[PDB]
Amino acid sequence: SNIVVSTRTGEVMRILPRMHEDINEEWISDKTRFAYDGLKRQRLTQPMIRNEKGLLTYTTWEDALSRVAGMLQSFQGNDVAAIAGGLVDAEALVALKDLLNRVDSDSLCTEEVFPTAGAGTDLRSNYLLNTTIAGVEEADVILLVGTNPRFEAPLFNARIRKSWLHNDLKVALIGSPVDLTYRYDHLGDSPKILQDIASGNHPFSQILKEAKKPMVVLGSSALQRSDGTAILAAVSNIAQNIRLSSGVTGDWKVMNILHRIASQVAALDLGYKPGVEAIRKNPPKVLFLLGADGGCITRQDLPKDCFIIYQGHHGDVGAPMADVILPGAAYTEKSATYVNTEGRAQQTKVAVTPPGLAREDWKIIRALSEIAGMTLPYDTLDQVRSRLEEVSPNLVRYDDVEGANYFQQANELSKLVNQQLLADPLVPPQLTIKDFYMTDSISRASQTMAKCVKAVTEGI
Amino acid sequence: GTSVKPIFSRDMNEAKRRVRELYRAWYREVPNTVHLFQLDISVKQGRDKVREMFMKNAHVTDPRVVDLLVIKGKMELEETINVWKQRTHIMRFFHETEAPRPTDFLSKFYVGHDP
Amino acid sequence: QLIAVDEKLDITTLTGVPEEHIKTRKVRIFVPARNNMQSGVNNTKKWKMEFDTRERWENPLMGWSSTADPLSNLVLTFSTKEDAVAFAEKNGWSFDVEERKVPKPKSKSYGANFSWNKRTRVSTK
Amino acid sequence: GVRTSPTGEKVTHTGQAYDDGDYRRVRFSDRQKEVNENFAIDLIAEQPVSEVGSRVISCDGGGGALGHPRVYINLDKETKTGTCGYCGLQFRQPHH
Amino acid sequence: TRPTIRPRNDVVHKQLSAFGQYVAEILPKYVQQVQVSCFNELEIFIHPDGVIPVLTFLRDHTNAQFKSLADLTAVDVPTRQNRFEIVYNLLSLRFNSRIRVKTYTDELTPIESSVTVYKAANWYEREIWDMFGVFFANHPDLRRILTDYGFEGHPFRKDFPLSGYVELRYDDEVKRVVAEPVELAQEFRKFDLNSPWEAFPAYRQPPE
Amino acid sequence: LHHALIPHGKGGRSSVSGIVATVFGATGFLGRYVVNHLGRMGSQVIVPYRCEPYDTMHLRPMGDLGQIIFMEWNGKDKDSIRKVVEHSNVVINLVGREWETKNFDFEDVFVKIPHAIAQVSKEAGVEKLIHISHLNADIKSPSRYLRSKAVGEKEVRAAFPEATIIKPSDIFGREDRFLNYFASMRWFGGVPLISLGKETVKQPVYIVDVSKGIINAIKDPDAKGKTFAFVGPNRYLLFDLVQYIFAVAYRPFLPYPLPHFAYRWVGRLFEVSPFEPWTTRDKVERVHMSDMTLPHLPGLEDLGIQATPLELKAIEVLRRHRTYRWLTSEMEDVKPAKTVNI
Amino acid sequence: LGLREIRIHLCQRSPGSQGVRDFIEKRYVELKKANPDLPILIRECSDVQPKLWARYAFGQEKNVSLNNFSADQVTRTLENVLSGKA
Ligand SMILES: NC(=O)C1=CN([C@@H]2O[C@H](COP(=O)(O)OP(=O)(O)OC[C@H]3O[C@@H](n4cnc5c(N)ncnc54)[C@H](OP(=O)(O)O)[C@@H]3O)[C@@H](O)[C@H]2O)C=CC1
Ligand SMILES: [Zn+2]
């Protein structure tokens, strides 16, 4: 969502909606509006290392960077790995990718799983919301699979409600009977229904077939349940059956994936190997936690004496388990690139500067590369954006949502491996409004969100 | 075309001629300035400072901009000849009380957020 | 009479700006967004040019907010995007431009509030 | 109603006080710290509650044109006292 | 309408309009536009080449004897291709009237100096050059007048920052006053005072 | 790093360098330069003064609003020393008198006061302590000045183990006693030199170089227990040095040899004055003693500083001693003196 | 020696990318089934030019212009890149 940050005398005072007719349309969600006060708490302001007693103590940039460079020079290849967080910009992502490639490492991962079978990351249409947010006004049938749009993407759910109210949309849900703000048709929560819909026996399948311009939306939250490949294959089969029975209607892009992490699409566009399984199958000796506060990898999944480097802006679960802490900048304190769930890249502007000794993320990575001896070819933000255009050119068009449909190839490659589903009901992580507020690192440090959780839990 | 009118010089050559005249005048004046203002610099220091100030904008290819630069140079020379400038104004060309800002990436990263 | 200069316009050497604030600054050319607290649209008519934000710190006495760059309050107003681009180009600044965001026309109808069979019917007034 | 920090420094009504390791306390060496001892919150707390027989009352701070803009306070809520936005005076409707 | 509204004067409006038409007829080679504002002020917009003729006419013609130059200043409008707008204000004692002459220029185009027409312009033009950077062609002695010695830039320019670029202080090590980059203890606080609602419908511009 | 002590700004007057310095003896010759360099960066300076506050007025414009704080102290009182360094994270010691006075002998000024400062700073938790001694500081030296300097340096090292110690050699500057002292000798009309000054070697150092060395030693992490020798680039014989000094001042040079005993006797006569002595037996001993060479100690070049030669910054000091006739003479028309370099 | 990734940048409306487009339409899937572990990213260019990037070990990477190429040309240079030739 497009916002206006109102600041006074170098302090972020509030967040307001900024009109964008195609994304948020004059509205923002409560988390977008009221979580800004978490930027004043639990901030990482200085570099920190481990002292003789194993405690974290402040140090200078030279000392921490030299220690990290010395650890990085010793290990090369598969022993070096990196994990990206949920609030990471494309510049830092590409800088870390290049730095780890300089030591012949490819163990770059994200905290969210996306199926790597078949086309995987190669085809951009495979992991995007191809219909786009503005396209929901043109559909008449939408099927949501294993997601809760109200909390995972509140503005997307508001768009769905607008289409439902004005265009008489028909909505069906496969998953837990969560309370969307509108009335939908609950087909059930078993994943097996998908196969039935892909078969043709189900009543809903006929509706999809006879309805021109249908939409099928699969939430990313249902791709982390150890069988997301099978669910994705079944949903792609449903989309293919739609595209075949009615033929190609033109440029409609039935298939859709709805993300909930702001750094995921940029990472995938940079080829960042989604999922943390690569770390588990080949444990590393130098771990680069780039804002990774999901708790996916703890010190029990790593070998003894594993050197862990955390680079972020908040003290959270991922911080105190590290050996060196490098203070980065929050999203309000840098001009950075984030890619939408539709693939629309946008850039932030600097509201205030990072507190204390915190620096820009890509600047930290570039300085580390210089100190380690494998200096990177960019010193200016414009040069880093040129590198981004080299790696993936769609990251420098800052309002373009256009793309090409490669659904045929992805569907063809998804048919190769057909690993079975499991008989577990699709349950979204966001079951109740109390789970909506505190979801990421900035929210958990916020006091307003604590008040909101306490109010929605024990109302009175 | 472009319907542009010159200040003094019609082409590049006349502008270069005026530039060389201004350079000769400044080169001549430097020793008298050093004596009158009781500066602690040598004549060679003043002359190479004049050369550096001339070369600071040696990339100009527009005769009008060159003419305006020569006019400003004449203004400064006339200010220095008539002792309208003081010792502080003359020494402001040397930045003697300013710490040298680093130009490499690592020092700038160490110092602050300014690129 | 007419010298017919065939050079791109450039006045960076005449403006007295230090080269630090010419080669390093990044200007932003945009139509400001409407203040969402109000409905008046009179502040979204003209283009504006501004500079990137620099460091502000807390001054040790009185805790006031200090700055070190001179262009922190500089906001210029232009009638058209081409004029702002020309000004930025001739002043040597590197710019980014964002196209104007015009709100699309809507389809309002008072009778739709009382529809016989459509969901747009309101339950209160 | 002033307090004292562990370092022996008076705490102002805004609550500000220098930390133990804060160097800025050196500015008070051989000098004093300016603190106003008449804390406004306690002073307005000791004022009694006015009892009036109306659902809506008006307050202008006292003195007419020498007070604050005249405002109206609704007293229909029973478990709470109407509080003036400007003056801070409290009003209530008779009960019991 | 009576007590608080400024009263209009139609006779002076008619006289000024007639004289503006007279001047425009006499000098068609240079006069581009004529205006009479509603508080009875007459403005003539001319071409830059006509500064010396028009003024001379307005100083010497028997029907128009403007022997006094009240003011001469420039206005900076960055959005225009010709940035600076030169304004001459003339006063006629014989006819007890005032007239205004306007012309335009850019950063590099010089304008003929009018010291031959008016001696008073001698300093005024200097001031313009000091604060706007407009060069006057045949000025007998053109140099900075208001700014400091060796002061770079022209302060009365819309892109010039309010506090400038350098500030002065006495340094004891060198025993003189030195200039250093400006560093304010408290930054000037910018206020956004413009109302989002239109105030005067009469000046509304077409939305193209 | 105590957030309120995190550097901020471009390093200017209003910028914060995160340094809190207590500069003992800031009202002297080196102290003013040190305070000026500290105040340029936006550092907080605490000036302990014992003199008339009027005599500190020249230090007021050196810092921003509230960045220079003046406090009264007593050398023999430990509580004042505790009061003035209780909040500083660096303490610089520049206390020193060139002559002995009736209330403060050389032992008091160079041994007791530095030891007390170091002890109180260690007890107060001060991170860094810069101490200034002499290059010629020897325990066997014939000068009580240098013997006291050596003893006090040993005591400071014993009391503050991580103290940076700096040994300059005959600093010259606008307010120096070294350049002026030789220039001042012209009033007598004959320059008395022991052995014609042909067996004394001097290595004077510029004042700005010493101040920059102190500042860079404050900001250098690996200069805790180190000892630095601050000396100039060139070594001169005393005769040639005085010749160059008189040539720059455009004064007639009439040097004559004076026996050591006679110079000592003359020094004693000057010493009797109630006011500060023009010269003293100690000054005679120090000014006719060759500067020691210590190749095993780091210097200005190890702190990133290129020492300024005397021939570049000598006219700015000696132009005041010229008459009206030569007042406008340039800098590069003196044919600099010969240097006995290795 | 060891290839790590392939990046193909093609514009979706320019004529010079047409052959590349045809390649991805026809002979991409087969390639993906011949290299199941090789990341072959397909991205979109602005109207400038189509290009093919290839990254090797230790961050060394080289680029080839594919302007006005045919589908046979595209597959030929691609199999040259995968093989130990050119
Ligand atoms: N000057 C030189 O040539 C070089 C000097 N360095 C050393 O560096 C130090 C400072 O140098 P410099 O600036 O030239 O000397 P100054 O005489 O100019 O400075 C003396 C400072 O120390 C203070 N001070 C002196 N005696 C006492 C005392 N008994 N109690 C309290 N304060 C006192 C003075 O205070 P106040 O003025 O108020 O009396 C004054 O602030 C000295 O220790 C000196 O020995 C050593 C090599 C040579
Ligand atoms: Zn009241």
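Below, chains carry the letters A, B, ... as their sequence lines are ordered, and counting in each starts from 1. Quick note: numbers below take in every heavy atom, side chains included, and nothing from hydrogens, waters or symmetry partners.
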Tell me, do C:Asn73 and E:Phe188 make a side-chain contact under 4.5 Å, heavy atoms counted?
-> yes
Quick one: which of C:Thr67, C:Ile11, C:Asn59 has the most heavy-atom pairs under 4.5 Å with chain E, could you say?
-> C:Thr67
Does some side-chain heavy atom of E:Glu107 sit less than 4.5 Å from a side-chain heavy atom of C:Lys90?
-> yes
What one should report as the nearest heavy-atom pair of E:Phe160 and C:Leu74 is O-CD1, 4.0 Å
At a heavy-atom separation under 4.5 Å, does C:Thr44 approach chain E through its side chain, its backbone, both, or neither?
-> neither
Does C:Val75 reach the side chain of E:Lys190, with side-chain heavy atoms less than 4.5 Å apart?
-> yes
Do you see a donor-acceptor pair shorter than 3.5 Å between the side chains of E:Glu187 and C:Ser66?
-> no
More than 12 heavy atoms of other groups within 6.0 Å of E:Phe45 CZ = yes
Does E:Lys158 reach the side chain of C:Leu76, with side-chain heavy atoms less than 4.5 Å apart?
-> yes
Considering only heavy atoms, which portion of E:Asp192 lies under 4.5 Å from any heavy atom of chain C: side chain, backbone, both, or neither?
-> neither
Would you mind reporting whether C:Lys45 and E:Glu198 have side-chain heavy atoms less than 4.5 Å apart?
-> no
Does CZ in E:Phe156 sit with more than 12 non-hydrogen atoms of other residues, nucleotides or ligands closer than 6.0 Å?
-> no
Option that, when pairs with chain E are counted at under 4.5 Å, heavy atom only, ranks first among C:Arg34, C:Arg56, C:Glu20, C:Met49 | C:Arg56
Should C:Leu9 and E:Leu108 count as side-chain neighbours, where that means a heavy-atom distance under 4.5 Å?
-> yes
Report the C-alpha separation of C:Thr15 and E:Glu152 in whole Å, then their side-chain angles, then the decisive distance to 0.1 Å, and conclude whether the side-chain contact (heavy atoms from CB on, under 4.5 Å) test is met.
-> CA-CA 7 Å; C:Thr15 54; E:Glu152 277 134 32; over 6 Å; no
Looking only at non-hydrogen atoms, find the nearest pair between E:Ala185 and C:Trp64 and report the distance.
-> O-CB, 4.2 Å
Shortest non-hydrogen contact from C:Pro18 to E:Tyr165?
-> CD-CD2, 3.7 Å
Please round to the nearest 0.5 Å and tell me the distance separating atom OG of C:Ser72 and atom CG of E:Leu184.
-> 8.0 Å
Are the side chain of E:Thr79 and the backbone N or O of C:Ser79 linked by a donor-acceptor pair below 3.5 Å?
-> yes
Per-residue tally against chain E (heavy atom, under 4.5 Å) across C:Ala84, C:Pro70, C:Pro60 peaks at C:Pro70
